[PDB]
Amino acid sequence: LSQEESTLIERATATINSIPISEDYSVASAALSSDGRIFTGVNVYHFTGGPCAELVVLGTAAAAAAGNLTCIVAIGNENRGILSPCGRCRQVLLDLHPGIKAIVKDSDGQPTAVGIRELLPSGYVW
(Lines of atoms letter the chains of each structure in order from A and count residues from 1; the text may use other names and numbers.)
(Lines give C-alpha, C1' and ligand atoms only; values in the text may rest on other atoms or scores of the structure.)
Protein backbone atom coordinates (compact mmCIF):
# COMPACT_ATOMS: atom_id res chain seq x y z
CA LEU A 1 0.00 0.00 0.00
CA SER A 2 2.99 2.25 0.69
CA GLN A 3 4.03 4.66 -2.07
CA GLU A 4 7.68 3.75 -1.57
CA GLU A 5 6.71 0.07 -1.76
CA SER A 6 4.55 0.42 -4.85
CA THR A 7 7.29 2.42 -6.57
CA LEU A 8 10.03 -0.14 -5.88
CA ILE A 9 7.80 -2.94 -7.12
CA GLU A 10 6.93 -0.87 -10.19
CA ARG A 11 10.58 -0.14 -11.06
CA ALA A 12 11.59 -3.80 -10.71
CA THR A 13 8.56 -5.01 -12.66
CA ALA A 14 9.17 -2.51 -15.46
CA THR A 15 12.83 -3.54 -15.57
CA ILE A 16 12.19 -7.26 -16.07
CA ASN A 17 9.35 -6.69 -18.57
CA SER A 18 11.55 -4.44 -20.73
CA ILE A 19 14.01 -7.18 -21.69
CA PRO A 20 13.61 -10.26 -23.91
CA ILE A 21 12.33 -13.40 -22.18
CA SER A 22 15.42 -15.33 -21.08
CA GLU A 23 16.30 -18.28 -18.83
CA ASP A 24 19.63 -16.59 -18.02
CA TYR A 25 18.15 -13.20 -17.11
CA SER A 26 14.72 -13.89 -15.61
CA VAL A 27 14.42 -11.72 -12.51
CA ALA A 28 14.83 -8.02 -11.82
CA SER A 29 15.34 -6.27 -8.49
CA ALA A 30 15.14 -2.69 -7.22
CA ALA A 31 16.46 -1.21 -3.98
CA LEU A 32 16.05 2.19 -2.28
CA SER A 33 19.05 4.03 -0.81
CA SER A 34 18.93 6.31 2.23
CA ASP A 35 20.39 9.15 0.15
CA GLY A 36 17.43 9.23 -2.23
CA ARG A 37 18.16 6.90 -5.13
CA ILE A 38 16.82 3.63 -6.57
CA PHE A 39 19.07 0.99 -8.15
CA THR A 40 17.99 -1.87 -10.39
CA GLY A 41 19.47 -4.98 -11.96
CA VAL A 42 18.68 -8.44 -13.33
CA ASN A 43 20.06 -11.83 -12.29
CA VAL A 44 22.75 -13.77 -14.12
CA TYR A 45 22.07 -17.50 -13.95
CA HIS A 46 25.05 -19.85 -13.72
CA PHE A 47 25.71 -23.18 -12.00
CA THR A 48 28.82 -21.72 -10.31
CA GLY A 49 26.56 -19.29 -8.47
CA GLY A 50 25.60 -16.59 -10.93
CA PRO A 51 24.34 -13.61 -8.90
CA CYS A 52 20.66 -13.23 -8.08
CA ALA A 53 19.13 -9.92 -9.13
CA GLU A 54 19.53 -8.59 -5.61
CA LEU A 55 23.29 -9.12 -5.69
CA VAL A 56 23.56 -7.31 -9.03
CA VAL A 57 21.63 -4.47 -7.41
CA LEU A 58 24.08 -4.41 -4.49
CA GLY A 59 26.99 -4.02 -6.90
CA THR A 60 25.20 -1.32 -8.89
CA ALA A 61 24.46 0.67 -5.74
CA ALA A 62 28.06 0.27 -4.60
CA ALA A 63 29.28 1.54 -7.97
CA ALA A 64 27.33 4.75 -7.30
CA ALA A 65 28.60 5.06 -3.72
CA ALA A 66 24.97 4.55 -2.65
CA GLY A 67 25.87 3.69 0.90
CA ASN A 68 23.05 2.29 3.00
CA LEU A 69 20.16 0.46 1.30
CA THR A 70 16.84 0.44 3.18
CA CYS A 71 14.55 -1.74 1.09
CA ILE A 72 14.81 -4.20 -1.80
CA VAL A 73 12.43 -6.34 -3.86
CA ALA A 74 12.72 -8.93 -6.64
CA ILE A 75 10.17 -9.45 -9.43
CA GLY A 76 10.08 -12.51 -11.67
CA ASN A 77 9.57 -12.44 -15.43
CA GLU A 78 6.41 -13.56 -17.24
CA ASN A 79 4.24 -11.69 -14.72
CA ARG A 80 5.30 -13.87 -11.78
CA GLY A 81 5.35 -10.97 -9.35
CA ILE A 82 7.25 -10.72 -6.08
CA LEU A 83 9.85 -13.42 -5.47
CA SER A 84 11.23 -14.03 -1.99
CA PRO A 85 15.01 -13.59 -1.67
CA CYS A 86 16.90 -16.87 -1.68
CA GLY A 87 18.96 -17.96 1.30
CA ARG A 88 22.23 -16.73 -0.13
CA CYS A 89 20.75 -13.29 -0.79
CA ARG A 90 19.52 -13.11 2.79
CA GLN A 91 22.99 -13.86 4.13
CA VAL A 92 24.67 -11.30 1.90
CA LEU A 93 21.99 -8.71 2.71
CA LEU A 94 22.35 -9.33 6.44
CA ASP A 95 26.15 -8.98 6.36
CA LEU A 96 26.32 -5.94 4.06
CA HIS A 97 23.05 -4.13 4.80
CA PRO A 98 21.81 -5.27 8.26
CA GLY A 99 19.28 -2.44 8.43
CA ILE A 100 17.61 -3.33 5.13
CA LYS A 101 14.08 -4.65 4.64
CA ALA A 102 12.95 -7.03 1.93
CA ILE A 103 9.49 -6.97 0.35
CA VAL A 104 7.84 -10.40 0.33
CA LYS A 105 4.29 -11.74 0.00
CA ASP A 106 2.22 -12.65 3.06
CA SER A 107 -0.44 -15.34 3.50
CA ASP A 108 -2.91 -13.31 1.45
CA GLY A 109 -0.24 -12.81 -1.19
CA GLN A 110 -0.04 -9.11 -0.37
CA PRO A 111 3.25 -7.16 -0.50
CA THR A 112 4.88 -6.66 2.90
CA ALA A 113 8.26 -5.28 4.01
CA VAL A 114 10.10 -7.50 6.48
CA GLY A 115 13.34 -6.97 8.38
CA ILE A 116 16.23 -9.01 6.99
CA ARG A 117 16.87 -10.59 10.40
CA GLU A 118 13.33 -11.99 10.42
CA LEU A 119 14.08 -13.74 7.12
CA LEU A 120 17.20 -15.31 8.62
CA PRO A 121 16.53 -16.36 12.26
CA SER A 122 19.55 -17.19 14.42
CA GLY A 123 21.63 -16.12 11.45
CA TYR A 124 25.30 -16.94 11.06
CA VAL A 125 27.44 -13.92 11.98
CA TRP A 126 30.44 -13.65 9.66
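Note that residue numbering begins at 1 and tracks the sequence as displayed.
The PDB entry records a higher mean C-alpha B factor for 92-100 than for its counterpart among 92-100 and 55-63. A summary of the deposited B-factors shows that, of 101-109 and 11-19, the stretch with the larger mean C-alpha value is 101-109. Per the deposited record, 68 carries the highest C-alpha B-factor of all listed residues (43, 48, 68, 40). Ranked by C-alpha B-factor against the other modelled residues of its chain, residue 84 falls in the middle third.
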